[PDB]
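Visitor: With the deposited numbering applied, the sequence shown covers 111 to 288, 303 to 349.
Dropping the structure in here first, questions after.
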Amino acid sequence: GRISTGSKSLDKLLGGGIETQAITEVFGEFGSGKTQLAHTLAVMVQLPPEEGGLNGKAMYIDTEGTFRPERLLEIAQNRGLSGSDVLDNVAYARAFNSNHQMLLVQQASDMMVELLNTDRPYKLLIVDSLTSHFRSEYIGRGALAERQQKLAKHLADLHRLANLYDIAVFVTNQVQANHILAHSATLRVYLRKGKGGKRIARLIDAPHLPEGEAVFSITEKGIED
Ligand SMILES: COc1ccc([C@H](C)NC(=O)[C@@H]2CCCN2C(=O)CNC(=O)c2ccc3ccccc3n2)cc1
């Protein structure tokens, strides 16, 4: 049981879609479609398995004010769904610094246990974006050891949530050409801009999946082939 991205091409690259019990990271420049894929996943996860979802709820942690509840409505309506119910099934939190971002993962644990054995459990946790607060707050050579200690602890908490509660953790990371915030991820996907409103996804760290690329479009339905 995997969460469809909305793109048949990007799902085949991922072996069916985004996995639970894993952290799936997309990285790329600004504008490559990371936040759009996250918004689509927040909707897709609500669908029944036959339509590409997991009959679940989504949690969205927003570190840069990128969350657009209207965009969720747009995606839901164009896919034949109630924009109201789609919004009812997404838990949302704005993280204003890296300490708040870390506490939210701890608090997400409480929300997940509660729904764990119900009809619509949480199935997706989004962190958009994972690193930005760490880059901006840990300033100077004197702060780099603590920066990695906190980033490492934060990824350990996310891995633990994913395994405990059988949820997909989807994180976005803004890697620019051209400063390195190393961190663990189960799956890494590089996004870049393509021909017009197309985007290209490349598998970077994928243990046994065949390497390769996939093309997808940003449409009114979220992400599409
Ligand atoms: C009509 O316009 C809208 C605008 C936005 C929405 C969004 C989608 N819904 C919400 O904001 C809903 C409804 C009001 C409170 N609320 C929450 O989700 C409150 N969330 C939390 O307390 C919380 C706590 C810890 C978390 C840790 C990780 C991730 C998420 C977390 N969320 C709905 C309608």
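We put the beta carbon where it would ideally sit given N, CA and C, even for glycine.
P334: which of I342, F340 and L311 sits nearest, CA to CA?
Guide: The sequence position of residue 334 within the sequence shown is 210, counting from 1. The option with the nearest alpha carbon to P334 is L311.
Visitor: Is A253 close to ligand 1? I mean its beta-carbon at under 7 Å from any heavy atom of the ligand.
Guide: Taking the sequence shown and counting its residues from 1, the one referred to as residue 253 is at position 143. No.
Visitor: What's the gap between the Cα of residue 77 and the Cα of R323?
Guide: The question about residue 77 has no answer, for the chain in this structure spans 111 to 349.
Visitor: Distance check for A309 and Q156, CA to CA, integer angstroms please.
Guide: Walking along the sequence shown from the start, residue 156 turns up at place 46. Walking along the sequence shown from the start, residue 309 turns up at place 185. The alpha-carbon atoms of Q156 and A309 are separated by roughly 24 Å.
Visitor: Tell me, to the nearest whole angstrom, how far the beta carbon of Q286 is from that of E139; I am working on the premise that it is less than 8 Å.
Guide: To locate residue 286, count along the sequence shown from 1; it is residue 176. To locate residue 139, count along the sequence shown from 1; it is residue 29. At roughly 6 Å, the Cβ-Cβ gap stays under 8 Å, so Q286 and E139 are in contact.
Visitor: Ligand 1 and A201: does the residue's C-beta get closer than 7 Å to at least one heavy atom of that ligand?
Guide: Walking along the sequence shown from the start, residue 201 turns up at place 91. Result yes, Cβ under 7 Å from ligand 1.
Visitor: Can you grab the Cα-Cα spacing for the pair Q146 / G116, in whole Å?
Guide: Residue mapping note: residue 146 aligns to position 36 of the sequence shown, counting from 1. Residue mapping note: residue 116 aligns to position 6 of the sequence shown, counting from 1. Distance between the alpha carbons of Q146 and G116 is about 11 Å.
Visitor: Could you tell me which whole beta strand (DSSP E) segments of length 3 or greater appear in the segment 167-206?
Guide: Listed in chain order, the complete beta strand (DSSP E) runs (minimum 3 residues) inside the segment 167-206 are 167-172 and 200-204.
Visitor: Going by the CB atoms, is the gap between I328 and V313 shorter than 8 Å?
Guide: Taking the first residue of the sequence shown as 1, we reach residue 313 at position 189. Taking the first residue of the sequence shown as 1, we reach residue 328 at position 204. Cβ distance < 8 Å, so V313 and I328 count as in contact.
Visitor: Tell me which residue opens and which closes the beta strand (DSSP E) that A287 is part of.
Guide: The residue you call residue 287 lines up with position 177 of the sequence shown. Counting along the chain, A287 falls outside any beta strand (DSSP E), and DSSP gives it neither H nor E.
Visitor: Is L234 helix, strand or coil when you go by DSSP?
Guide: The residue you call residue 234 lines up with position 124 of the sequence shown. Note: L234 maps to strand in three-state DSSP.
Visitor: Taking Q284 as the reference, which of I128, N199, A203 and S246 has the closest Cα?
Guide: On the sequence shown, residue 284 is found 174 positions in, with the first residue counted as 1. Cα-wise, what sits closest to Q284 is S246.
Visitor: To which residues of the same chain is residue 351 closer than 6 Å at the C-beta, ignoring the five residues directly before and after it?
Guide: Since the first residue shown for the chain is 111 and the last is 349, residue 351 is missing from the structure and cannot be characterised.
Visitor: Examine ligand 1 and report whether any of its heavy atoms sits within less than 7 Å of the Cβ of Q217.
Guide: Residue numbering aside, residue 217 sits at position 107 when the sequence shown is read from its first letter. Yes.
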